[PDB]
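*Asks:* I have a structure I would like to understand better, so I am pasting it below and will then ask my questions one at a time.
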Ligand SMILES: CNCc1ccc2c(c1)N(C(=O)OCc1c(F)c(F)c(F)c(F)c1F)[C@H](CNC(=N)N)[C@H]2NC(=O)C(=O)Nc1ccc(Cl)c(F)c1
Ligand SMILES: *[C@@H]1O[C@H](CO)[C@@H](O)[C@H](O)[C@H]1NC(C)=O
Ligand SMILES: *[C@@H]1O[C@H](CO)[C@@H](O)[C@H](O)[C@H]1NC(C)=O
Ligand SMILES: *[C@@H]1O[C@H](CO)[C@@H](O)[C@H](O)[C@H]1NC(C)=O
Ligand SMILES: *[C@@H]1O[C@H](CO)[C@@H](O)[C@H](O)[C@H]1NC(C)=O
Ligand SMILES: *[C@@H]1O[C@H](CO)[C@@H](O)[C@H](O)[C@H]1NC(C)=O
Ligand SMILES: *[C@@H]1O[C@H](CO)[C@@H](O)[C@H](O)[C@H]1NC(C)=O
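In the authors' numbering, the protein residues as written are 49 to 124, 198 to 300, 325 to 354, 356 to 399, 403 to 457, 464 to 490.
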């Protein structure tokens, strides 16, 4: 349809790189925006074919190119060298805004699965604040669903299509490299994981009804997708999730199978210098980790799954557009 613009609340005195990027690329935010209901209207959306996702993907690539420069970038035959200073890195929310003569329709159905017709609709100038958080397997620091866990997929019959599970209740995950400098670990409270996967198995069962529902760890691929990978405080964490995606839900009951201990699952993590890039097909080399305690305390707010009687789901990811989709699903640009 058109070219969106971004509004953020960043300040120009922060050294933090999302703030810096935003202060030259985004406009400040309307302190009181203005919505506009239309509960008879009913319009369709398709989260899987939504141009806003492409545009924000562009922006985040831009942000990362200006903020997290690699010492080396290998793409094609070429290798680029640049200065790769350690930086202050903590994502801030970004709002996407329709320019003059355009609006953003927001679907207000709190159970809207992301495709098809939506009953109650609003008009808005901008989306909510969206933290551009790059990760795999687990979606972090998003917006919880308001009613019940929600299964999203372009086509749930096509097992090659990523599934986005939208949780309604955060599950804490705490990842730390304490004070091998490249070793770290994550802690999740097993009870709340227990619970979350049981409710998720419930919903998945609604969609696949005769079958037991198995959670298993990612089969194969680059480390970036076979582990829960993400950037914490500038450093690239790769966390093993085999004791996380490991359990069966059979008789309306979830049994967790992965090893726990003292009531918490603990992921073993490596901090890594050589990265397979999400932005494009290529490799990126970074400097060794900063010093001291590197810790991120995050909210798991959704999952990225791939489906292989029984249905089996393993963690997926790799296409960062899906992350943006998970927040942008309820919006389209009109007029
Ligand atoms: C359904 N298929 C699953 C799947 C699995 C892995 C992957 C894809 C997709 N990819 C993908 O979609 O890239 C977008 C894309 C397009 F969308 C597109 F249309 C293109 F034409 C294109 F060129 C392109 F790059 C990545 C390719 N990039 C690479 N091989 N170097 C590959 N993901 C990653 O590597 C990855 O996430 N790393 C990583 C690094 C740091 C952190 Cl913190 C992190 F959290 C993750
Ligand atoms: C969240 O969703 C699950 C199942 O979809 C439901 O059991 C639960 O009550 C919902 N709300 C919560 C957990 O606050
Ligand atoms: C989403 O809803 C539409 C219509 O409401 C339906 O056709 C589609 O199969 C649903 N998809 C999922 C993944 O629930
Ligand atoms: C979903 O994909 C399957 C292929 O796995 C195919 O039957 C069809 O094209 C799709 N079905 C629907 C309802 O869109
Ligand atoms: C995760 O840990 C398990 C058990 O130690 C190991 O077998 C598996 O290969 C690990 N996965 C990755 C991607 O390192
Ligand atoms: C679940 O965890 C156990 C030990 O924690 C491991 O041996 C097992 O292989 C895991 N399940 C799968 C399907 O990998
Ligand atoms: C999630 O948000 C918290 C608080 O804003 C932050 O400390 C944490 O590092 C974030 N997680 C990631 C992976 O950015």
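Backbone N, C-alpha and C define an ideal beta-carbon position, used for all residues, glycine too.
Does the Cβ of residue 341 have 16 or more other Cβ atoms within 10 Å, making it buried, or fewer, making it exposed?
*Replies:* For this step, residue 341 is matched to residue 196 along the chain shown. With 16 or more Cβ atoms within 10 Å of its Cβ, residue 341 is classed as buried.
*Asks:* Are the beta-carbon atoms belonging to residue 434 and residue 422 less than 7 Å from one another?
*Replies:* The sequence position of residue 434 within the chain shown is 285, counting from 1. The sequence position of residue 422 within the chain shown is 273, counting from 1. It is a contact, given that the beta carbons lie within the stated cut-off.
*Asks:* Residue 344: which of 237, 116, 75, 394 sits nearest, CA to CA?
*Replies:* The residue given as residue 344 occupies position 199 in the chain shown. Ranking 237, 116, 75, 394 by Cα distance to residue 344 puts 394 first.
*Asks:* Confirm, please, whether the CB-CB distance from residue 243 to residue 83 is below 7 Å.
*Replies:* Your numbering for residue 83 matches position 35 in the chain shown. Your numbering for residue 243 matches position 122 in the chain shown. Going by C-beta atoms, residue 83 is nearer than 7 Å to residue 243.
*Asks:* What would DSSP say about residue 109, mapped onto helix, strand or coil?
*Replies:* In the chain shown, residue 109 corresponds to position 61, counting from 1. Residue 109 falls in the helix class under three-state DSSP.
*Asks:* Would you decide whether residue 90 is buried or exposed? Buried here means 16 or more other CB atoms lie within 10 Å of its CB.
*Replies:* As a working note, residue 90 is residue 42 in the chain shown. Under this definition residue 90 is an exposed residue.
*Asks:* Ligand 4 and residue 278: does the residue's C-beta get closer than 6 Å to at least one heavy atom of that ligand?
*Replies:* Indexing the chain shown from 1 puts residue 278 at position 157. Within the cutoff, so yes.
*Asks:* So what does DSSP say about residue 71, is it helix, strand or coil?
*Replies:* Residue numbering aside, residue 71 sits at position 23 when the chain shown is read from its first letter. In this structure, residue 71 counts as helix in the three-state DSSP scheme.
*Asks:* Exposed or buried, what is residue 450 when buried is set at 16 or more other beta-carbons lying within 10 Å of its beta-carbon?
*Replies:* Locating residue 450 in the chain shown gives position 301, where the first residue counts as 1. Label assigned to residue 450: buried.
*Asks:* Report all residues for which the CB-ligand distance to some heavy atom of ligand 2 is below 6 Å; order them along the chain.
*Replies:* 269, 270, 289, 290, 344, 347, 348
*Asks:* I need the DSSP call for residue 98, collapsed to helix, strand or coil.
*Replies:* Taking the first residue of the chain shown as position 1, residue 98 is located at position 50. Looking at residue 98 - three-state DSSP - the assignment turns out to be coil, as it is neither helix nor strand.
*Asks:* Out of curiosity, what's the CA-to-CA distance linking residue 77 and residue 478?
*Replies:* Here residue 77 is taken as the residue at index 29 of the chain shown, counted from 1. Here residue 478 is taken as the residue at index 323 of the chain shown, counted from 1. Straight-line Cα distance between these residues: approximately 23 Å.
*Asks:* Taking 8 Å as the cut-off, does the stretch 108-116 touch the stretch 267-277 (at least 3 CB pairs, one atom from each stretch)?
*Replies:* no
*Asks:* On the CB-based measure, 16 or more other CB atoms within 10 Å of its CB, does residue 216 come out buried or exposed?
*Replies:* As a first step, residue 216 must be located in the chain shown, where it is residue number 95. By the 10 Å Cβ count, residue 216 comes out buried.
*Asks:* Any heavy atom of ligand 1 within a distance shorter than 6 Å of the CB on residue 257?
*Replies:* Sequence index remark: in the chain shown, residue 257 carries index 136 (1-based). Answer for residue 257: yes, Cβ within range of ligand 1.
*Asks:* Within 6 Å: the Cβ of residue 445 and any heavy atom of ligand 7?
*Replies:* Against the chain shown, residue 445 aligns to sequence position 296. Yes; taking the cut-off as 6 Å, the Cβ of residue 445 has a heavy atom of ligand 7 nearer than that.
*Asks:* Please report the distance separating the alpha-carbon of residue 438 from that of residue 328.
*Replies:* Residue numbering aside, residue 438 sits at position 289 when the chain shown is read from its first letter. Residue numbering aside, residue 328 sits at position 183 when the chain shown is read from its first letter. Going by C-alpha positions, residue 438 is about 10 Å away from residue 328.
*Asks:* Out of 407, 206, 251, 230, which has the shortest C-alpha to C-alpha gap to residue 85?
*Replies:* By 1-based counting over the chain shown, the position of residue 85 is 37. Ranking the options by Cα distance to residue 85, first place goes to 230.
*Asks:* Beta carbon of residue 225, beta carbon of residue 486: below 7 Å?
*Replies:* Indexing the chain shown from 1 puts residue 225 at position 104. Indexing the chain shown from 1 puts residue 486 at position 331. Yes, Cβ-Cβ distance for residue 225 and residue 486 is below 7 Å.
*Asks:* My assumption, with CB atoms under 8 Å, is that residue 240 sits in contact with residue 364. Please give the rounded CB distance.
*Replies:* Sequence index remark: in the chain shown, residue 240 carries index 119 (1-based). Sequence index remark: in the chain shown, residue 364 carries index 218 (1-based). For residue 240 against residue 364, the beta-carbon gap comes to about 37 Å, at or over 8 Å, which does not count as contact.
*Asks:* Using CA atoms only, rank isn't needed, just tell me which of 124, 272, 448, 210 is closest to residue 234.
*Replies:* For the purposes of this step, residue 234 is taken as the residue at position 113 of the chain shown. Closest option to residue 234, Cα to Cα, is 272.
*Asks:* Taking 6 Å as the limit, name every residue whose beta carbon sits nearer than that to some heavy atom of ligand 6, in sequence order.
*Replies:* 362, 363, 388, 389, 392, 406, 407, 408
*Asks:* Please name the residue or residues paired with residue 91 in a DSSP beta bridge.
*Replies:* Reading the chain shown from its first residue, position 43 is the one you call residue 91. In DSSP, residue 91 forms a bridge with 239.
*Asks:* Using the Cα positions of residue 398 and residue 353, report the straight-line distance between them to the nearest angstrom.
*Replies:* Looking up residue 398 in the chain shown gives position 252. Looking up residue 353 in the chain shown gives position 208. If I take the Cα positions, the gap works out to 13 Å.
*Asks:* Cβ of residue 262 within 6 Å of any heavy atom in ligand 1?
*Replies:* By one-based count along the chain shown, residue 262 stands at place 141. The answer is no for residue 262.
*Asks:* Is it the case that the CB of residue 237 approaches a heavy atom of ligand 3 more closely than 6 Å?
*Replies:* Along the chain shown, read from residue 1 onward, the residue named residue 237 stands at position 116. Answer for residue 237: yes, Cβ within range of ligand 3.
*Asks:* Do you know how far the Cα of residue 295 is from the Cα of residue 419?
*Replies:* Locating residue 419 in the chain shown gives position 270, where the first residue counts as 1. Locating residue 295 in the chain shown gives position 174, where the first residue counts as 1. Roughly 14 Å separates the two Cα atoms.
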